[PDB]
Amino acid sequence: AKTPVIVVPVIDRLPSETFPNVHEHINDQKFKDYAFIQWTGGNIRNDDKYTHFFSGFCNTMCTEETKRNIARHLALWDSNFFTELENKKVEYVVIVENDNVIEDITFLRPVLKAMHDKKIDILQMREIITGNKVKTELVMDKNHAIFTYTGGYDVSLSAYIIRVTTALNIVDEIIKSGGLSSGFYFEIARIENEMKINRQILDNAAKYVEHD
């Protein structure tokens, strides 16, 4: 059962630029270890039914820009594709916005194994909060240690690995609780905390996933 590796377009360029050293083709989708995919749903105007991701209010309304960015992900988490991955017992998906570059995907294999073994639900592959962190070793890649630290109020959806049922549970709770309103990323953090979801931040993420 292959691990989906999903490119989410946020700028206009080919998905091959995100994975410049992958020698295959990346297939589109809407509505050897890896299945490379580009997810094209969840986009702006086509969202009369993404309204349940957000509360009725906020300001006058939330900016179409902030909503659009998070909607792309929530739509993916809430897709028939994901529920089918749950049916098919696929454990994790790798999700990367296409303004990132991952030159070397070999780190993913030992990282995914270690995540499985250590019951990690989310590996966030972009850092947000600066300052000293409490690191723990995740796994050794060739001759270098890969470290993580526990996530807090530093959610980013730029690039991450997530357990399929974890993604499904989060977006379902968002829908249940009436949609996001203000402090989108804070609320995602709180939902994860309430569910005792284990989110780790990849330390020195920039080494593995270069952000544009």
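Quick note: we count residues from 1 along the sequence shown, nothing fancier.
In the deposited sequence, the stretch from residue 153 to residue 154 has no residues without coordinates, so the chain runs on without a break. Just going by the entry, 127 to 135 versus 73 to 81 on mean CA temperature factor gives the higher value to 127 to 135. For the pair 155 to 163 and 170 to 178, the mean B factor over Cα atoms is greater in 170 to 178. Residue 16: CA B factor lies in the highest third for its chain, per the PDB record. For residue 97, the recorded CA temperature factor ranks within the lowest third of the chain's modelled residues. Sort the chain's modelled residues by C-alpha temperature factor and residue 57 lands in the highest third, per the entry. Ranked by Cα temperature factor within the chain, residue 117 sits in the middle third according to the deposited record.
For residue 149, the recorded CA temperature factor ranks within the lowest third of the chain's modelled residues.
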